[PDB]
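Colleague: This is the structure I have questions about; it appears just below.
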Amino acid sequence: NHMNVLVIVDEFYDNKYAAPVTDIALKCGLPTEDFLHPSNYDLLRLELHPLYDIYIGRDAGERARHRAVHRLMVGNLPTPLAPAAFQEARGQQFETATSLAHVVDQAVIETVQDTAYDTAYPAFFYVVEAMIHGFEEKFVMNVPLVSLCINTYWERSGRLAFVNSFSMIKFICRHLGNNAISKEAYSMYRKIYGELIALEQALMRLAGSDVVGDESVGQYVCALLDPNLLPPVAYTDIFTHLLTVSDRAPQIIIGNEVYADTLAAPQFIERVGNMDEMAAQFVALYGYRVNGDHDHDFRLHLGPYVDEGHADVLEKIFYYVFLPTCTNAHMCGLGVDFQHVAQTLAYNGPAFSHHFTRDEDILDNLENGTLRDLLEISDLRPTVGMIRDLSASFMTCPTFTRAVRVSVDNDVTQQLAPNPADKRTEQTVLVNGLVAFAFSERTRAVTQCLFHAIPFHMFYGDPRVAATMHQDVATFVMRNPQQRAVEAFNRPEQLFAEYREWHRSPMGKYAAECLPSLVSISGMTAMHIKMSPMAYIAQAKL
Amino acid sequence: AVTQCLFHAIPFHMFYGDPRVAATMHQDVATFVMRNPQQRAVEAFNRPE
Amino acid sequence: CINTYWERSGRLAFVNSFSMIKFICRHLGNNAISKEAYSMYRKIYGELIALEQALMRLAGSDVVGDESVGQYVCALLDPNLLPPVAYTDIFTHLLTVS
Amino acid sequence: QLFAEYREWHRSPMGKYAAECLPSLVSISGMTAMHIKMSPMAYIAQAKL
Amino acid sequence: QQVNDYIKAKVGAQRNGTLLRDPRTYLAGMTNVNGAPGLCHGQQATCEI
Amino acid sequence: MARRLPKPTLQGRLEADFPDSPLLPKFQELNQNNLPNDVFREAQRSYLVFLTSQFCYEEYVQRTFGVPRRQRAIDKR
Amino acid sequence: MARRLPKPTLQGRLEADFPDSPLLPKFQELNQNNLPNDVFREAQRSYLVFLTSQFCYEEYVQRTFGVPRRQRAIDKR
Amino acid sequence: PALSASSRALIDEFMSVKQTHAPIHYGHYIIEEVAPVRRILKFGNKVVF
Amino acid sequence: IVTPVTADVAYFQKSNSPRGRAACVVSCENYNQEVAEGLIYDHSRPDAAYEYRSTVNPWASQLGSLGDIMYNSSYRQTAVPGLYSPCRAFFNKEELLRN
Amino acid sequence: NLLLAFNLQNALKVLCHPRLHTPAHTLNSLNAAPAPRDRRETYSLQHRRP
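Line order of the protein sequences matches chains W, P, R, E, F, U, C, X, S and D. Heads up: the first sequence runs through residues 495 to 1036, numbered per the entry's author numbering. Heads up: the second sequence runs through residues 939 to 987, numbered per the entry's author numbering. Heads up: the third sequence runs through residues 643 to 740, numbered per the entry's author numbering. Heads up: the fourth sequence runs through residues 988 to 1036, numbered per the entry's author numbering. Heads up: the fifth sequence runs through residues 1136 to 1184, numbered per the entry's author numbering. Heads up: the sixth sequence runs through residues 1 to 77, numbered per the entry's author numbering. Heads up: the seventh sequence runs through residues 1 to 77, numbered per the entry's author numbering. Heads up: the eighth sequence runs through residues 1333 to 1381, numbered per the entry's author numbering. Heads up: the ninth sequence runs through residues 1185 to 1283, numbered per the entry's author numbering. Heads up: the tenth sequence runs through residues 445 to 494, numbered per the entry's author numbering.
This is the structure we're talking about:
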């Protein structure tokens, strides 16, 4: 009922004890030799079909009745009946069929991977990322700041910054290329963007020119091309755009009430202007924080949707294939208390004083404060003018983070089922929050107020990362060290349900043990085919 | 955007009439391409007769 | 200490003790130390994680009672085994949980 | 008073191995596997893998 | 008593043990065999380790 | 509903006592009718951040105009 | 029986001879009643070390504060 | 079982040397058919009974 | 018959049941169905053929698996009895008990 | 003519039993038997607390 994610995340791990584990989590942990031995019959008895995952409910109210939920992709198959080496070998079959040529070099992957493992990764670049939140206008006001960020982080150590979100990776590629950042660092960014584009030709190439109706059949072959799947991190209003183009009924749950009607757009969703028009409303928005109740809001603030045009495939490819491969799926969902952040930048002593010149070293005059401490550990020294450009974005920046859950029916090829809720696949989307590499212990001293940990996705929920971010989680994993694996991890029911998700536990397991090398990149891609009667037809030709 | 005042697309040859290039140059070719994703294969792209 | 010993001879200091190896990773991530010498302490500490995660695959997902079986599988995972050097009160933490 | 070899966790052959082992990564894992407890709980786990 | 039941269940000694003890065995002192409904190859030759 | 992240550590009453600025007079309009002074101080701290953003946003827009060419005519002549 | 390592090399009577410093009044309060010469000298050495460490810790604590914004503004004036 | 092979190459060796042909390659397999009727396979003009 | 990719090749070089278990009922008692059924369908015990494995593919042996649904005369009722089924003999539960 | 694998999982039925994991019987035969070896382990048997 309460929109607040702080209460949702805290109360789930607050005082925790024995934590159960799902069955699909257990089946992926046993080898074929062990799976078939008649000492694992409990696991074996349930399984009778390749496509449909089946579970037994509680005995409440009646004799429990079995429920079958379709496994959307090949990668959802149990490991003891499809080992990782098989999907890796099957994926290498996909590269040679569609004539895919990888733009990325292995040197860049290790460069991306090495950033994912740094506790030394600075927390200031983490703050900048949040205040832009994917707006071209907001980003351009701070290009002189971010160029300092990449410049000093790439030259201090040969590992690049701002790879956490796809939006920043996109603008840095589009912008700052000519001289803002060092040439060695910039070419790394191009290849990552380039790699996504190369893959898109492959998946597109796999689907035959031919179409069922007016629409193309790429929607039925691959999960990635299928637009009803959404990227976890949303900063623009994708949902309303989702309701227009979806043939399958689309239901959006916003807290207690979910609206599946386009006409409902005014009440649930709001718009954020280009910061030229909202100028008149600058004062109106501020009073909404102080005298407005943010709990029980049941509204969602997002910029107006912009049609980049690749069907949003490129962002999904980045989040579901590239990042979990290079970082071994070590990343977490993170939300921000924005007004707590601006109070650090604006209520700073030096920024406030008129006498201080626009160009100066802030750390010379910074008073003991959270901002000073953050800078020392991030070891980056910015001018006085830069902070004011960040403080500028306070007028637009959203109040609080929110999680949003989507409900979408399967294709007609996958809809035959006895139960109405079984035809309907679920997914969770983070609004106005960014993903997270591991935090340093020193980092989580003054940064604790600013950010908290949310386990939005299997790829993006990790006990390794979550424990650092949240104290409750760390004492949870400590008392039950078995939980350290991603499949065995427990997420609040309000946020994650392993059965009704596009990425099941078996897929998650592959990424964690999956190698950093490029061969695996094609592995995750080929794992995304749908196992549908028209998926077989596409596969047969190649 | 900067070159909008100065340059416009023309897909006229099999090698040249390229969808990735065309979408960037032309807004309407782009939005046509968004509706039908496959067209981006250079063999099947649709140039003006 | 570290910046001088690394450049005067191709070796790294304080590798004697774990606590120091831990601190130098959390702090000093700033350039304070030379760049090339820092990654050594990082890899020394990074390896300790991959060796523990690998042991978490040896012990399965199952549990005897409340506790995990990992205690019974490897000696390192046994909470009754203690490091040779104690600087804080690990002994009462041993009495409560054992 | 400091050391009684029989009533220890790490007996003599653990020392004999480290004294002669080469520094390479092969010896890193080789030391790790030498810690498995030789119990029925260990045999069940080693069988599965 | 907990670890003894974990072992006896991960090894299989209740549905695939040979002797099949139930109250007839301990209370009344009989020694019955397991089912083995069918035999494909013939008499089972026990292997001792 | 439950709680909020903890407040960041900042020096008390830094904005008014430490510095004198036009923003200070424009801020005096805010009053504390009902709140506890503890709360009032916290409430007061939030307002100036808003004021600074307005001041810094406007200073940014002035740079966005560019260089006046009419000006480049007179002095450079 | 008890035992300690041998004492390190130290120039005897550092305080009484070399400097004149604020620590002398606090040190001079230690007086020897029925103590031999070497034991009294060792006690004096240890007590001077203690006082020096006290002073150094207090210095560090006072240094750890930082710069006040009021004085920064007054200087920028 | 019926005679079957995963690749043309495996079959090519089976005909040439029946006795020494390897049943399983690194990635390919071949099954020799076993049945009451022994049919005569005459690929090329090399006969394998 | 749909089969896990990983099923051992050694199972396909010998004459065996196309399901994951052998189904001979001759070994079982002449006049008892439940124990006769226990050979065909019970996976708490390994099949007679191979002791170390309960079943090569669980998508055919199991009572309700994909193999069972497609070829049992029970469910295959709507289908017109026009054409011969090679797999009918091996999956049709009624025929297996006749022996 | 069936090939069969005899791996560790097959031998757990005898390898997990507590007959394997007890020293009671080995010590029983040794102490009942006549005089044992005449050499002797004096050093490092047990901790001596100071």
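Backbone N, C-alpha and C define an ideal beta-carbon position, used for all residues, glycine too.
1) Determine the extent of the beta strand (DSSP E) in which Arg899(W) is found, giving its start and end residues.
2) Whose CA, out of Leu700(R), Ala679(R), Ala701(R), lies closest to the CA of residue 743(R)?
3) Given a cut-off of 9 Å on the beta-carbon distance, is the pair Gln11(U) and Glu861(W) in contact?
4) Report all residues from its chain with a CB closer than 7 Å to the CB of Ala558(W); omit the five preceding and five following residues, and keep chain order.
5) What does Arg70(C) reach in chain U if we use C-beta pairs closer than 8 Å?
6) Suppose contacts are defined by Cβ-Cβ distances below 9 Å. Is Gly1204(S) in contact with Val1240(S) by that definition?
7) Going along the chain, which residues of its own chain have a beta-carbon closer than 7 Å to the beta-carbon of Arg742(W), five neighbours each way excluded?
8) Under 8 Å Cβ to Cβ from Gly1152(F), same chain only, skipping five residues before and after it: list those, please.
9) Give the straight-line distance between the Cα atoms of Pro1270(S) and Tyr1255(S), rounded to the nearest whole angstrom.
10) Spatial neighbours of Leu48(C) within its chain, please: C-beta separation below 8 Å, excluding the five flanking residues on both sides.
11) Tell whether a beta-carbon distance below 9 Å holds between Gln1149(F) and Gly707(R).
12) Mind checking who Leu1373(X) pairs with in its DSSP beta bridge?
13) Pair every Cβ in the segment 587–604 of chain W with every Cβ in the segment 1011–1025 of chain W, then say whether three or more of these pairs are closer than 8 Å.
14) Can you find a CB in chain W that lies within less than 9 Å of the CB of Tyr1236(S)?
15) Which partner residues does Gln988(E) have in the DSSP bridge list?
16) With a CB to CB cut of under 7 Å and the five nearest residues on each side skipped, what residues in its chain are close to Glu995(E)?
17) Contact criterion: CB-CB distance below 9 Å. Does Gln1217(S) meet it with respect to chain W?
18) What's the C-alpha gap between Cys1182(F) and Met698(R)?
19) Rank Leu857(W), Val898(W), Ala840(W), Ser710(W) by C-alpha distance to the C-alpha of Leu51(U) and give the top, closest one.
20) What in chain F is Cβ-close to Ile1031(E), meaning under 8 Å?
21) Can you tell me the Cα-Cα spacing of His788(W) and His795(W), whole angstroms?
22) Output needed for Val971(W): all residues of its chain with C-beta closer than 7 Å, excluding positions within five of it in sequence on either side, in chain order.
23) Using C-beta distances below 8 Å, list every residue in its chain close to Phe850(W), excluding the 5 sequence neighbours before and after it, in chain order.
24) Using CA atoms only, rank isn't needed, just tell me which of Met1021(W), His735(W), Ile856(W), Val898(W) is closest to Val727(W).
25) Nearest CA to the CA of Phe629(W): which residue from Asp731(W), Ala911(W), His560(W)?
26) In terms of residue numbering, what span does the alpha helix (DSSP H) encompassing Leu828(W) cover?
27) Going by DSSP, what residue range makes up the beta strand (DSSP E) through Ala562(W)?
28) Rank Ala717(W), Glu527(W), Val563(W), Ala513(W) by C-alpha distance to the C-alpha of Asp916(W) and give the top, closest one.
29) Within the continuous beta strand (DSSP E) that includes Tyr687(R), where are the two ends?
30) Under 8 Å, CB to CB, which of the residues in the segment 990–1009 of chain E have a partner in chain D?
31) Name the DSSP bridge partner or partners of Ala947(W)?
32) Just the chain F side, please: which residues come within less than 7 Å of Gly707(R) by C-beta, in chain order?
33) Is the segment 919–933 of chain W close to the segment 758–778 of chain W, with three or more CB pairs under 8 Å?
34) So is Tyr507(W) buried or exposed if we call it buried at 16+ other beta carbons inside 10 Å?
35) So what's residue 1398(X) in DSSP terms, helix, strand or just coil?
36) For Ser710(W), list the residues DSSP reports as bridge partners.
Modeller: In brief:
1) Within the first sequence, residue 899(W) is the residue found at index 405, counting from 1. Judged by DSSP secondary structure, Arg899(W) falls within the beta strand (DSSP E) whose first and last residues are 896–903.
2) In the structure as shown, chain R begins at 643 and stops at 740. Residue 743(R) is therefore absent and cannot be evaluated.
3) One-based indexing of the sixth sequence puts residue 11(U) at position 11. One-based indexing of the first sequence puts residue 861(W) at position 367. Cβ distance < 9 Å, so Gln11(U) and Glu861(W) count as in contact.
4) The count along the first sequence starts at 1 and reaches residue 558(W) at position 64. Around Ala558(W): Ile550, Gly551, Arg552.
5) Here residue 70(C) refers to the residue found at position 70 of the seventh sequence. Think of a sphere of 8 Å around the beta carbon of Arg70(C): the chain U residues whose beta carbon falls inside it are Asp17, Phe18, in chain order.
6) Here the question's residue 1204(S) lines up with position 20 in the ninth sequence. Here the question's residue 1240(S) lines up with position 56 in the ninth sequence. Less than 9 Å divides the Cβ of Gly1204(S) from the Cβ of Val1240(S).
7) Counting from one through the first sequence, the residue named residue 742(W) turns up at place 248. Hits under 7 Å: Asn722, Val902, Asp903.
8) To locate residue 1152(F), count along the fifth sequence from 1; it is residue 17. Once the five neighbours on either side are set aside, the close Cβ partners of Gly1152(F) are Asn1169.
9) Sequence index remark: in the ninth sequence, residue 1270(S) carries index 86 (1-based). Sequence index remark: in the ninth sequence, residue 1255(S) carries index 71 (1-based). Going from the Cα of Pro1270(S) to the Cα of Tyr1255(S) covers about 10 Å.
10) As a position in the seventh sequence, residue 48(C) is number 48, starting the count at 1. If you ignore the 5 residues before and after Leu48(C), its C-beta comes within less than 8 Å of the C-beta of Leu14, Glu15, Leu23, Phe27, all in its own chain and listed in chain order.
11) The residue given as residue 1149(F) occupies position 14 in the fifth sequence. The residue given as residue 707(R) occupies position 65 in the third sequence. Result no, Cβ atoms of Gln1149(F) and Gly707(R) do not sit closer than 9 Å.
12) Locating residue 1373(X) in the eighth sequence gives position 41, counting from the first residue. DSSP lists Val1380(X) as partners of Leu1373(X).
13) Flag = yes, the segment 587–604 of chain W and the segment 1011–1025 of chain W touch.
14) Sequence index remark: in the ninth sequence, residue 1236(S) carries index 52 (1-based). Yes, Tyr1236(S) counts as interfacial toward chain W.
15) Taking the fourth sequence and counting its residues from 1, one reaches residue 988(E) at position 1. Paired residues: none, contrary to the question.
16) Counting from one through the fourth sequence, the residue named residue 995(E) turns up at place 8. Here the set comprises nothing.
17) Locating residue 1217(S) in the ninth sequence gives position 33, where the first residue counts as 1. False, the Cβ-Cβ gap to chain W never drops below 9 Å.
18) Working through the fifth sequence from its first residue, we reach residue 1182(F) at position 47. Working through the third sequence from its first residue, we reach residue 698(R) at position 56. A straight line joining the alpha-carbon of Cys1182(F) with that of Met698(R) spans about 34 Å.
19) Numbered from its first residue, the sixth sequence carries residue 51(U) at position 51. With distances taken between Cα atoms, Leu51(U) lies closest to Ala840(W).
20) What you label residue 1031(E) is simply residue 44 of the fourth sequence in a count that begins at 1. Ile1031(E) reaches chain F at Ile1142, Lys1145, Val1146, counting residues in chain order whose Cβ is nearer than 8 Å.
21) Here residue 788(W) refers to the residue found at position 294 when the first sequence is read from its first residue. Here residue 795(W) refers to the residue found at position 301 when the first sequence is read from its first residue. Linking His788(W) to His795(W) through their CA atoms gives a straight-line distance of about 12 Å.
22) As a first step, residue 971(W) is located in the first sequence; it is residue number 477 there, counting from the start. The residues are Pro957, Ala961, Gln977, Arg978.
23) Here residue 850(W) is taken as the residue at index 356 of the first sequence, counted from 1. Within its own chain, the residues whose Cβ lies closer than 8 Å to the Cβ of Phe850(W), once the five positions on either side in sequence are excluded, are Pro844, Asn859, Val878, listed in chain order.
24) Taking the first residue of the first sequence as 1, we reach residue 727(W) at position 233. Ranked by how close their Cα comes to the Cα of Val727(W), the residues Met1021(W), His735(W), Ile856(W), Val898(W) have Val898(W) in first place.
25) On the first sequence, position 135 is the one that residue 629(W) refers to. Measuring from the Cα of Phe629(W), the nearest candidate turns out to be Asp731(W).
26) Within the first sequence, residue 828(W) is the residue found at index 334, counting from 1. No alpha helix (DSSP H) holds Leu828(W); the beta strand (DSSP E) holding it covers 826–830.
27) If you number the first sequence from 1, residue 562(W) lands on position 68. 561–564 is the span of the beta strand (DSSP E), which, as asked, contains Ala562(W).
28) Residue mapping note: residue 916(W) aligns to position 422 of the first sequence, counting from 1. That would be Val563(W), whose Cα lies nearest to the Cα of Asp916(W).
29) As a position in the third sequence, residue 687(R) is number 45, starting the count at 1. The continuous stretches of beta strand (DSSP E) do not include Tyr687(R), which lies in the alpha helix (DSSP H) extending over residues 677–700.
30) The segment 990–1009 of chain E vs chain D, Cβ under 8 Å: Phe990, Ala991, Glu992, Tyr993, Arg994.
31) Locating residue 947(W) in the first sequence gives position 453, counting from the first residue. In the DSSP assignment, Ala947(W) forms a beta bridge with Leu828(W).
32) The residue you call residue 707(R) lines up with position 65 of the third sequence. Think of a sphere of 7 Å around the beta carbon of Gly707(R): the chain F residues whose beta carbon falls inside it are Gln1137, in chain order.
33) Contact between the segment 919–933 of chain W and the segment 758–778 of chain W is absent, because fewer than three Cβ pairs lie under 8 Å.
34) The residue labelled residue 507(W) in the question sits at position 13 within the first sequence. Here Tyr507(W) is buried. Its C-beta has 16 or more other C-beta atoms within 10 Å.
35) The shown model of chain X, from 1333 to 1381, leaves out residue 1398(X), and the question about it has no answer.
36) The count along the first sequence starts at 1 and reaches residue 710(W) at position 216. In the DSSP output, where bridge partners are listed per residue, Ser710(W) has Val705(W).
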